[PDB]
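Protein chains in written order, with the working numbering: chain A, 1 to 561; chain B, 1001 to 1050; chain C, 2001 to 2141; chain D, 3001 to 3050; chain E, 4001 to 4106; chain F, 5001 to 5121.
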Ligand SMILES: *[C@@H]1O[C@H](CO)[C@@H](O[C@@H]2O[C@H](CO)[C@@H](O)[C@H](O)[C@H]2NC(C)=O)[C@H](O)[C@H]1NC(C)=O
Ligand SMILES: *[C@@H]1O[C@H](CO)[C@@H](O[C@@H]2O[C@H](CO)[C@@H](O)[C@H](O)[C@H]2NC(C)=O)[C@H](O)[C@H]1NC(C)=O
Ligand SMILES: *[C@@H]1O[C@H](CO)[C@@H](O[C@@H]2O[C@H](CO)[C@@H](O)[C@H](O)[C@H]2NC(C)=O)[C@H](O)[C@H]1NC(C)=O
Ligand SMILES: *[C@@H]1O[C@H](CO)[C@@H](O)[C@H](O)[C@H]1NC(C)=O
Ligand SMILES: *[C@@H]1O[C@H](CO)[C@@H](O)[C@H](O)[C@H]1NC(C)=O
Ligand SMILES: *[C@@H]1O[C@H](CO)[C@@H](O)[C@H](O)[C@H]1NC(C)=O
Ligand SMILES: *[C@@H]1O[C@H](CO)[C@@H](O)[C@H](O)[C@H]1NC(C)=O
Ligand SMILES: *[C@@H]1O[C@H](CO)[C@@H](O)[C@H](O)[C@H]1NC(C)=O
Ligand SMILES: *[C@@H]1O[C@H](CO)[C@@H](O)[C@H](O)[C@H]1NC(C)=O
Ligand SMILES: *[C@@H]1O[C@H](CO)[C@@H](O)[C@H](O)[C@H]1NC(C)=O
Ligand SMILES: *[C@@H]1O[C@H](CO)[C@@H](O)[C@H](O)[C@H]1NC(C)=O
Ligand SMILES: *[C@@H]1O[C@H](CO)[C@@H](O)[C@H](O)[C@H]1NC(C)=O
Ligand SMILES: *[C@@H]1O[C@H](CO)[C@@H](O)[C@H](O)[C@H]1NC(C)=O
Ligand SMILES: *[C@@H]1O[C@H](CO)[C@@H](O)[C@H](O)[C@H]1NC(C)=O
Ligand SMILES: *[C@@H]1O[C@H](CO)[C@@H](O)[C@H](O)[C@H]1NC(C)=O
Ligand SMILES: *[C@@H]1O[C@H](CO)[C@@H](O)[C@H](O)[C@H]1NC(C)=O
Ligand SMILES: *[C@@H]1O[C@H](CO)[C@@H](O)[C@H](O)[C@H]1NC(C)=O
Ligand SMILES: *[C@@H]1O[C@H](CO)[C@@H](O)[C@H](O)[C@H]1NC(C)=O
Ligand SMILES: *[C@@H]1O[C@H](CO)[C@@H](O)[C@H](O)[C@H]1NC(C)=O
Ligand SMILES: *[C@@H]1O[C@H](CO)[C@@H](O)[C@H](O)[C@H]1NC(C)=O
C-alpha cells in the first residue's frame, strides 16, 4: 500500500543504438594493408555469458556494424596506400605491340620516361595487361593506361601484404554486443538463444564478388538469407555446410623490373616472359559443386515453392562487374564464373570445372571513381588454396525462377558473417516501487525483477570506464565519460551520492502503474517494466529531483540554527 | 585604430557590368583550372554608387 | 535564447584585451585553410606567360589576353592555351617584353577556391562551455 | 660515451666573414628556388675562436 | 552493361504530399548515382548528383540518398511545378545507363 | 548560363548517315566530356557517345557495332555521325555536358542538357 519510488543504478536494460566499435587484432609485423597497429591486442580469453530467458530481435539488413566496417576498411585501405609512390609521370603515350605467344592479353609497350634528372629522356619497355591499356587513336599501336586520365594512380607498396587476418570488433564502455547462438537463424527475426560477448569471432575481411571466400560455415543446413525474399534485387546470401575448394594457379613466371621515378621512388613493372604463355585455370571439383547446388536448390524450392530453378551466368558487360574477383597472393584475378551457373534443375563430360581468369593490375576498388590502385606484379607462380564458403545470388517468366551470381558492395560480404551479432546501448538507471523510505554482465537480464536487483554491481562496474583512428577513439572515450557523468550527476541531484540502490520516499502515484509490489517485483523483466513506465520517466525523474532534494536541502540548511 | 559605429547605415550598390564566360582548362587527372573565357558585350568598368 | 539581466552588477569591459577577437581570428584562418585544402593547386600553371592586351567608363590596359604552354593528359604532349587576366594578378618579367608571370607564385603555393564553395557570410554565434558565461554590455553609448 | 659536464663555461665565438646575395632561381613550373648569388666582399674563411 | 530499374513505374499525388521513388541497380555503383527531371518541351534537368548532393539552384525540398545498388529520392511538400518524369542514372561504368522513368501525376 | 542547341534533319531514311550538330551558346567548348544521348519512344535514355574537349579522346557505347562517329567541327559546335541508321534508331537526340571535376556542382552527371531534336526514320 505505502509504496515509494526507489532508484536502481546498474539495471540490465538496453536499447538499439549505433556507435563506433574498437578493432582488435589477434595477438599471434607485416605492414598488412589493414594496419595491425591501429587495432588493440585481443583479450586472451573472451567471455560469453549465455543470457537465458532473453529473446531479442535481430536484423542483419539494418545493422550499423556492417556500414562501420565498410567505412573502417575503406579508411585503412586509403591510409595504407597514403605513403606509397603515386604514378603521376606514367600517363605517357605508349607504343604497344602484341606479345608473340592467351593471345593479345599482354602487350609489349614502349614509352619515354622523363625522370627528375631532367637531362635525359629514357625509352623503356614494359609489359602491360590488355585490361589496363586503352587506345587513344586510330593508330593500332598507340595506347594509354586505362584510368590514368581521370584519376591519380597510387602504386601499392610491394611490402604491403594482402593476406586476410581475423579482425575482431569489441564494444566500447557503455555498450554491449549481443550474439545470437541459434543454428538455423534466418538473419531477420527473434533469436531464442542469446549471449553477450565483449568481442566478435575472428572475421577475415576477404574482398571478393559473386562469391564469399573463407569464413564460417552453417552448422545444421545450408542457410538462405534475404530481407524480403520477393521484391527481387535483394542479395540472397547463401551460407553452406560443406566447403568446396578453389585451387587457382597462374602458370606464367614473370620478372619484375624497376624504373626510377624520383629520388627513392620506383615504378615496378613487368620485365619479360619466362616460359610459355599459359592461362590462369581455376579448378573446382565438379562433383562437390553438384552437391552444393543440390543443397541450395532444395532450400530455394522450399522458400520459393516448387518452381523450376535455373542458375544462369551474370548479364554480359565489362569484366570487372560480371566476373568473380579474388584477392589472392597480391595479384587481382578476374575469373569467368560461367560454368558454375549453367544448370536447370526442375524436378556428361569431365569431372573438374576449369574457369579461365585474367589478371588486372589497375583497379578501382570500393566502387569509387576518380581513384585507382596499381598492384605491382609478383615474381614466380601464384598458387591459391581457397575455400568456397558462401554465395551471393540475385533474381531476375513461365513459372521458372532465374537466379544469377550477383552481389553488391562489400557490405554484403560481411552480412554473411555478422548476422549473429547486434550492438545495444545500456541505460543503467531505473525506478521501481518499494516499501522503504529515506552471474555475469546482463546474466540476469532475462530474470525477473526480483533476483536481478541483486546483481547490479557487476553491470555497474563493467558498463562504464593518434591519427584518424585516434581522433575517433578520443571522441568515443569523451562521449563515454560524458554519459558516465550524466548518470552520476542524475544520481547526485537525486541525493544518491554513492548508492546503487537509493530510496527516494517520493509517493508512488497510481496513475503510473496500478500493479501491486508482488506483480511488479515478479512476473516481469526489467525490459517490460522500463517499457511500461517509459512515458512517465520524465515526470517521475522530475518528482525525484524537484520535490525532495530542494526541500531536503532547505531543511538541512535550517537545522544548524 | 579608431572604430566608428554609425546610427544609420549607408546603402552602397556595386555593379560589375562586364559580361563573362567561364572556361575550364584541365591541369591534371580530374583537376580543373576555372578561368576567364570570352567576354560578351562591351568592356565597361565595375563601379560602386553611394 | 536564454538571457538574464544581472541586476546591481557593474562590470569593466575592455575590447582591446578581448581574447574572443583573437579566437575568432584563429577560427576564420582555420576555416579558410580547411575550405581551400581539398581544392586544385595551380602550381602546374605558373609558367612564362606571353600575354598581349585586349582591345575594347571604359577600361584601358586592365584585361590581358594571356597565353601559355600546358601539359595535356598524356604528359609528353603540350598544348597552347589562353585565358584573360586582370593587370593586378600578373607581374612583368624580363624588363619590358611581353613575358609575364602570376603575382606571388614565386613564393606561394597558389590554391584555387573550389567553385562549389560559397563565400556568402552566414551569422555565427559564439557559445561558451558549461561553467563559463558571456557578459553582454547593454549601455547604449 | 663518457659525458662530461663543466663547472665553468668556456666561450666559443664564431663568425663567417663573407657578404653574399640571395639569388632566387626559377628552374621549373612551381615555387621559386633560392640560392646564393655573388660575393660582394673578398673570400675569407669562417672561424671559431676559443 | 549494368541494368537499372526503378519503382513505381508511375504514381499519382496531390500538392503537399511526400513522394518516394526507389532506384535499384543490378550491380553495385557506390554512391555514383544522379537523379534527373524531364518535362515535355524541355530538356532533362539535373536534380541530384553523386546520389546525395543537390545541384545548384535545386529547391531544398528534393531529398535523395542511398548507397550500393539501392537509392531513394524523396520529394517532400509536392509543388505544382514538380510534376515531371523522374529518372535515375548510374556513373560508375560507361555507358551510364538511365532508367525507365516514373511519371508523377496530379 | 551554358546552353546547347541541336540541329539537323528531322527525317532520315534507312541505311544512310545520320548527321546532327550541337552548338554551344553562352560559352566556348571547354574540357568537359560532350556527349550524345538518345531517348527512343517507350525506352530509357541510352548513351550514344562522347568526345573530350576541342578534338581529343573519344568513347562510344560498345553496343552499337561501331556505327557512330563523333567529332568537333567549330570551337562552339560539335557533331554526331551515325551510320547505317535503321527504323529502331528513331528517338529524341540530346547533346549534353558531362563534368569530370568534383570541385563543381554536378560531378559525374549531365549538368547541362540541350532541348533535343526528334529524328524519325
Ligand atoms: C546457446 O548458446 C550457448 C553459447 O553459444 C551454447 O553454450 C555452448 O554450448 C557448447 C556445446 O558444445 C559448449 O561447447 C560451449 O562451451 C557453450 N558455451 C558457453 C559460453 O557456455 C548453448 O549450448 C546454446 N544452447 C542452446 C542452443 O540451447
Ligand atoms: C618487349 O619488346 C622489346 C623491344 O621491342 C624486347 O627487347 C628486345 O628483346 C630482344 C630479345 O631477343 C633482344 O635481342 C633485344 O636487344 C631487346 N631490345 C631492346 C631495345 O632492349 C623485349 O624482349 C620484348 N619482350 C617480350 C616479352 O616480348
Ligand atoms: C585571346 O587570344 C586568343 C589567341 O591566343 C584568341 O583566340 C582566337 O579567337 C578568334 C575569335 O574570332 C578565333 O577566330 C581564333 O580561332 C582564336 N584563335 C586561337 C584560339 O588560337 C581570342 O579571341 C582572344 N580573346 C580576346 C577576348 O581577345
Ligand atoms: C620518344 O618516343 C617516341 C615514340 O615515337 C620515339 O620516336 C622517340 O625516339 C622517343 N624519344 C626519346 C628521346 O627516347
Ligand atoms: C516485399 O516487397 C513487396 C513488393 O511488392 C512488398 O509489397 C512487400 O510489402 C515487401 N515485404 C516486406 C516484408 O518488406
Ligand atoms: C616456373 O618455374 C617453375 C620452376 O620450378 C616451373 O615448374 C614452372 O613450369 C615455370 N612456369 C612455366 C609457365 O613454365
Ligand atoms: C587444373 O586442371 C588442369 C586440367 O588439365 C590441369 O592441367 C592443372 O594442373 C590443374 N591445376 C591444379 C592447380 O590442380
Ligand atoms: C587442391 O589442392 C589440394 C592441396 O592439398 C589438393 O589436395 C586437392 O586435391 C586439390 N583439389 C583439386 C580439385 O584438384
Ligand atoms: C538463361 O538461361 C537460359 C537457359 O536456361 C538461356 O537460354 C538464356 O539465354 C539465359 N539468359 C541470359 C544469359 O540472360
Ligand atoms: C565466359 O566464357 C563463355 C564461354 O562460352 C563466354 O561466352 C563468355 O563471354 C565469357 N564471359 C566473359 C565475361 O568474358
Ligand atoms: C551450358 O550447358 C549446355 C548444355 O550442356 C552446354 O551446351 C553449354 O556449352 C554450357 N555452357 C558453357 C558456357 O559451357
Ligand atoms: C553432376 O555432375 C555430372 C558430371 O560429373 C553431370 O553429368 C550431372 O548432370 C551433374 N548432376 C546434376 C544433378 O545435374
Ligand atoms: C579449407 O577446407 C579444408 C577442408 O579440409 C580445411 O581443412 C581448412 O582448414 C579450410 N581452410 C580454412 C581457411 O578455413
Ligand atoms: C504476468 O504477466 C503476463 C504477461 O503480461 C500476464 O498475462 C499475467 O497476467 C501477469 N500476471 C499477473 C498476476 O497479473
Ligand atoms: C507512450 O507513448 C507511446 C508513443 O508511441 C504511445 O504509443 C503510448 O500509448 C504511450 N503510453 C502511455 C501514455 O501510457
Ligand atoms: C551608378 O552611377 C552611375 C553614374 O554614371 C550610373 O550611370 C549608373 O546607372 C549607376 N548604377 C546603379 C546600379 O545605380
Ligand atoms: C610555347 O608557346 C609559344 C607561344 O608563343 C610557342 O612559340 C612555342 O612553340 C610553345 N612551345 C612548345 C614546346 O609547345
Ligand atoms: C653587404 O652587401 C650589401 C649589399 O646591399 C651592403 O648593403 C652591405 O653594407 C654589405 N655589408 C657589409 C658588412 O659589408
Ligand atoms: C679570431 O681570432 C683572429 C686571430 O687572428 C682575429 O683576427 C679575429 O678577429 C677573431 N674573431 C673574432 C670573432 O673575435
Ligand atoms: C550576358 O550574356 C548572356 C548570354 O546569354 C545574356 O543572356 C545576357 O543578357 C547578357 N547580359 C546583358 C546585360 O545583356
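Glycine included, each C-beta is placed from N, C-alpha and C at the ideal position.
Listed by chain order, chain A residues near residue i by CB distance under 7 Å
i                       : result
residue 2073 of chain C : 91, 149
Partner residues on chain C for residue i, Cβ-Cβ distance less than 9 Å
i                      : result
residue 144 of chain A : 2073, 2074
Local Cβ density within 10 Å of residue i, reported as buried at 16 or more and exposed below that
i                       : result
residue 210 of chain A  : buried
residue 5108 of chain F : buried
residue 37 of chain A   : exposed
residue 307 of chain A  : exposed
residue 2078 of chain C : exposed
residue 5029 of chain F : buried
residue 2015 of chain C : exposed
residue 43 of chain A   : exposed
residue 520 of chain A  : buried
residue 5089 of chain F : buried
residue 2109 of chain C : exposed
Whether residue i touches residue j by CB criterion (9 Å)
i                       : j                       : result
residue 431 of chain A  : residue 501 of chain A  : no
residue 107 of chain A  : residue 130 of chain A  : yes
residue 4005 of chain E : residue 4089 of chain E : no
residue 5060 of chain F : residue 5033 of chain F : no
residue 257 of chain A  : residue 271 of chain A  : yes
residue 508 of chain A  : residue 3 of chain A    : yes
residue 4087 of chain E : residue 4036 of chain E : yes
residue 420 of chain A  : residue 179 of chain A  : yes
Cross-chain neighbours of residue i in chain B, by beta carbon under 7 Å
i                       : result
residue 5004 of chain F : The premise fails here: residue 5004 of chain F is roughly 14 Å from chain B at the closest Cβ pair, so nothing lies under 7 Å.
residue 2010 of chain C : Within 7 Å Cβ-Cβ: nothing; residue 2010 of chain C doesn't reach chain B, min ~22 Å.
Interface partners of residue i on chain E, CB under 9 Å
i                       : result
residue 5010 of chain F : Near residue 5010 of chain F there are no residues of chain E at all, since even the closest Cβ is about 16 Å away, more than 9 Å.
residue 5115 of chain F : 4041, 4042, 4043
| request: May I ask you to list, following chain order, the residues of the region 1010-1030 of chain B that have a beta carbon less than 8 Å from some beta carbon of chain F? | output: 1021, 1022, 1023, 1024, 1025, 1026, 1030
| Does the region 293-306 of chain A come within contact of the region 175-194 of chain A, defined as at least 3 CB pairs closer than 8 Å? | no
| task | Anything in the region 2023-2054 of chain C with a Cβ closer than 8 Å to a Cβ of chain D? List those residues in chain order, please. | result | 2043, 2044, 2045, 2046, 2047
| request: Select from the region 5024-5056 of chain F all residues with a C-beta closer than 7 Å to any C-beta belonging to chain A, and list them in chain order. | output: none
| message | Below 8 Å, how does it come out for the region 140-149 of chain A and the region 81-92 of chain A: are there three or more Cβ pairs, yes or no? | response | yes
| said: Can you pull out the residues from the region 2105-2139 of chain C whose beta carbon lies closer than 8 Å to at least one beta carbon of chain D? | reply: 2105, 2106, 2107, 2108, 2109
| request: With 7 Å as the limit, tell me which residues of the region 393-416 of chain A have their beta carbon closer than that to any beta carbon of chain C; keep them in chain order. | output: none
| request: Could you name the residues of the region 365-378 of chain A whose beta carbon sits closer than 8 Å to any beta carbon of chain E, in the order they occur along the chain? | output: 366, 367, 368, 369
| said: Using a Cβ-Cβ cutoff of 7 Å, what residues of the region 224-239 of chain A are near chain E? List them in chain order. | reply: 233
| query | According to a CB-to-CB cut-off of less than 7 Å, which residues of the region 5081-5113 of chain F neighbour chain E? | reply | Cβ contacts with chain E come from 5094, 5105, 5106, 5107, 5108, 5109, 5110, 5111, 5113.
| message | Closer than 8 Å is the cut-off here; do at least three beta carbon pairs connect the region 2056-2076 of chain C with the region 61-79 of chain A? | response | For the pair of segments examined, the region 2056-2076 of chain C was found not to touch the region 61-79 of chain A: the number of CB pairs separated by less than 8 Å stays below three.
| message | If contact is defined by three or more beta carbon pairs under 8 Å, each pair taking one atom from either stretch, is the region 5075-5082 of chain F in contact with the region 4043-4057 of chain E? | response | no
| request: Examine the Cβ distances between the region 4002-4022 of chain E and the region 4066-4082 of chain E and report whether three or more of them are shorter than 8 Å. | output: Touching, yes.
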